[PDB]
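>>> I need the structure of the sequence given here:
(2 chains, ligands or ions: 5)
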Amino acid sequence: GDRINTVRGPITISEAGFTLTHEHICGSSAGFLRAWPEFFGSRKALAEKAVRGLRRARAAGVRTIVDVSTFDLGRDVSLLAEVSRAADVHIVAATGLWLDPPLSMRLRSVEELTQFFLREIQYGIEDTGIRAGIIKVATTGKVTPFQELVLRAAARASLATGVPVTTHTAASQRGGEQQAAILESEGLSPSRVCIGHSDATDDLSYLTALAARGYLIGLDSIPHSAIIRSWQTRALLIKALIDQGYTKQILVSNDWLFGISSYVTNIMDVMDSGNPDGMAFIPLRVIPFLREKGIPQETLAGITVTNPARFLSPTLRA
Amino acid sequence: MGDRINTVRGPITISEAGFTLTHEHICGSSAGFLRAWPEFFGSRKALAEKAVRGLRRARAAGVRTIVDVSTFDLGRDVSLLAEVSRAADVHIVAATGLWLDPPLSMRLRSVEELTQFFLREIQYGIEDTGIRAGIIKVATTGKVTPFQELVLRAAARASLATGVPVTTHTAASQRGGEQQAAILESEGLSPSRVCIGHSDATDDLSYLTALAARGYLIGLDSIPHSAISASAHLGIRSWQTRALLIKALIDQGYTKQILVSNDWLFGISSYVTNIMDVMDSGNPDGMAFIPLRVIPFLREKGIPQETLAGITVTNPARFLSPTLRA
Ligand SMILES: CCCCCCP(=O)(O)Oc1ccc2ccccc2c1
Ligand SMILES: CCCCCCP(=O)(O)Oc1ccc2ccccc2c1
Ligand SMILES: [Zn+2]
Ligand SMILES: [Zn+2]
Ligand SMILES: [Zn+2]
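Residues are numbered from 1 along each chain as shown, chains lettered A, B, ... in the order given. Ligands and ions are numbered 1, 2, ... in the order given. The relevant structure is shown in the block below.
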């Protein structure tokens, strides 16, 4: 133990089950949900939609999701705890920073950012006692100077705790290469890192090189195509990496959410009509699509159960 | 409305406000930051206790009310305001609006949506506290951005629907007040509902008097910032220079347009670490700087006691009093 922190407390890795490693309850901004809950109809309406959505995902086999909403994505761990309890789905909460850090974060040193990430992992988030079980970082283009500080702080928090790092990248710009250079310079093992949004390219050699270095490859936005590139085209990247022998490097998810304020108004209605399966898109469409392309059950179980368990269990490090 | 002002302890009558500092902060931060990382300030309790000591000392020096012009995106925590207002027994008026650091969920909103957010905070309450804003704070860069113009129009519509005043953050060295006033007036807002803030950062009396002559309130609100080289041997600019702008505006006949404040804080995270120690070293009086140093300096220049009382009492009362909506 080696246990994984969830918003309801620690769980053993055998409890994690079928895990979606990149999801959101709500994509927002710090403070926003509590200051303007009517933007989502109400806090109650958002909670009830998320409960129904997680209960839908649970009925399709999901047992754990990783909500990679950070501070600056408006993460509200008390909402996560509520919907987790009512849906009987484990939710792992995140620390780190995404692409919208306020001034009080932008002006911090790497040492200070490290103590904030560590506080959220070791002590708890806000006054809730809920501890993060993953560190989420986002970078753009070439890593900005501040984004490099965040990566180094993330590496340092991970190295003290064994909790893994998952990233937001622009795959069309091959952004994981710069992320990997920085994280390795800190001494972080690639086996502690998921390079996410990696399904947003056709450049397989970029993904294969990262997997061959030990990185987990986050093919985590497949339903976003379903809203030229078909979602089945993105799904075939999973088979491509399987076929090259890197199934133990693959993590798959929807990158879905149940409310969104960090974008144009009503985008949630467009997203939901584009993907009515929500977070069940992965188990209900991608998994059977991979099966009829000849992927065996043992491999799919490895990807959806074994890999997330290894990824999320704190190590220390191989 | 009429003769009642919303505070973090609930409504009070005009007469209760007394000596009022119209531009102050308990904590200069970011949305969510204080609750997510209180040990940045030592602890929430350590920050509350520092604010309470500070407000008590300002109260001993005569202060009865501060206006905390911290917006959502300056990390306003009205629960913290209410706690320290009650412990110090000093009225605190809370703000809505948006400052210079709106997150994505604010940056992508329409004017109609921002108008609703501001109305929510004035008419219903901030977050789930029931505490209603008594002022609308807006900030612009020198030249107003498209989003900042949206914020100004929403602030005007909220002010016109509720009667609560608007107070602004400007770059005085770029005459920021003039672009703001033009946008506000294009929405039909009276200049008498608007304070143009940080106006003591300039020595351009022509800029200050023209705004005053249109009925704007002039926020000479950061006097002690001057109290703490460069390559060109530039020097600082003393706090007495800033304070003499008060006398200048009195001598031009615009006594009734002057608001005076410290723009102080008891914690700050929206700046490089350790700026708070530097500020407290430079101005140990905190928010008491106005009553303990500025008032006697102006008295010493022949300004009558009753003129100083009108500036620090009557002008804020007239400005804060909700004005115009049946
Ligand atoms: C800016 C959208 C708020 C949620 C961002 C979370 P993400 O970095 O994982 O990826 C997303 C997630 C949802 C999106 C919806 C519309 C457009 C782009 C989107 C990108
Ligand atoms: C920029 C972080 C300070 C919070 C904003 C307060 P303000 O914009 O109303 O005026 C001040 C108030 C205090 C300040 C202290 C150091 C640097 C800048 C300052 C600006
Ligand atoms: Zn992302
Ligand atoms: Zn995401
Ligand atoms: Zn300001």
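>>> Now do stretch A:231-238: distance to the chain's middle.
18 Å (Cα atoms, centre = their mean, to the nearest Å).
>>> now check stretch A:143-160, is it near chain B?
No - Stretch A:143-160 is not in contact with chain B by Cβ under 8 Å from any Cβ of the partner chain; minimum separation 13.1 Å. (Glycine included, C-beta is placed from N, CA and C.)
>>> Can you give me the buried ones in that stretch?
A:143, A:146-159 (16 or more other Cβ atoms under 10 Å in any protein chain shown).
>>> Can you tell me which of these end up in helices?
Counting by DSSP state H, the buried residues of stretch A:143-160 place A:146-159 in helices.
>>> Distance to residue A:98 added to those residues, as TSV?
Formatted as TSV, those follow (distance: Cβ to Cβ, whole Å):
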residue	distance to residue A:98
A:146	12
A:147	10
A:148	15
A:149	14
A:150	9
A:151	13
A:152	17
A:153	14
A:154	12
A:155	17
A:156	18
A:157	16
A:158	17
A:159	21
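>>> filter those by proximity to ligand 1?
Filtering these for proximity to ligand 1 by Cβ under 6 Å from any ligand atom leaves nothing.
>>> Taking those residues together, which two end up most distant?
A:146 and A:159 (20.5 Å; Cβ to Cβ).
>>> of all the buried residues of stretch A:143-160, which two lie farthest apart?
A:146 and A:159 (20.5 Å).
>>> near ligand 1, anything from the one helix or strand residue A:21 maps to?
Following DSSP states H and E, one finds residue A:21 within strand A:19-23. No - among the residues of strand A:19-23, none lie within reach of ligand 1 under Cβ under 6 Å from any ligand atom; the closest is 6.9 Å away.
>>> which residues does residue A:91 contact?
When the contact criterion is Cβ atoms under 8 Å, 6 or more residues apart in numbering or on different chains, the partners of residue A:91 are A:6, A:7, A:8, A:25, A:64, A:65, A:66, A:67, A:80, A:81, A:83, A:84.
>>> One more: residue A:112?
B:40, B:273.
>>> did I read that right, it in a strand?
No - under DSSP: H, G, I helix; E, B strand; the rest coil, residue A:112 sits outside any strand and is assigned helix.
>>> Check which residues of stretch A:66-83 are buried.
A:66-77, A:79-83.
>>> same deal with stretch A:165-175?
A:165, A:166, A:167, A:168, A:169, A:171, A:174, A:175.
>>> how about the helices of the stretch 1-150 of chain A, start to end?
A:13-16, A:32-35, A:43-59, A:77-87, A:103-106, A:110-118, A:145-161 (DSSP state H, counting those that start in this stretch).
>>> For chain A, which residue gets nearest to ligand 1?
Residue of chain A nearest ligand 1, by Cβ to the nearest ligand atom: residue A:27 (3.3 Å).
>>> Quickly list what that residue is bridged to.
residue A:260 (DSSP bridges).
>>> you'd agree it is up against residue A:74?
Yes - counting by Cβ atoms under 8 Å, residue A:74 is a contact partner of residue A:27 at 7.3 Å.
>>> Who's the closest spatial neighbour of the residue in the stretch 151-300 of chain A positioned nearest to ligand 2, skipping the chain neighbours?
The nearest approach of the stretch 151-300 of chain A to ligand 2 comes at residue A:153, 22.1 Å away (Cβ to the nearest ligand atom). Nearest non-adjacent residue to residue A:153, counting by Cβ to Cβ, 6 or more residues apart in numbering or on different chains: residue A:113, 3.7 Å away.
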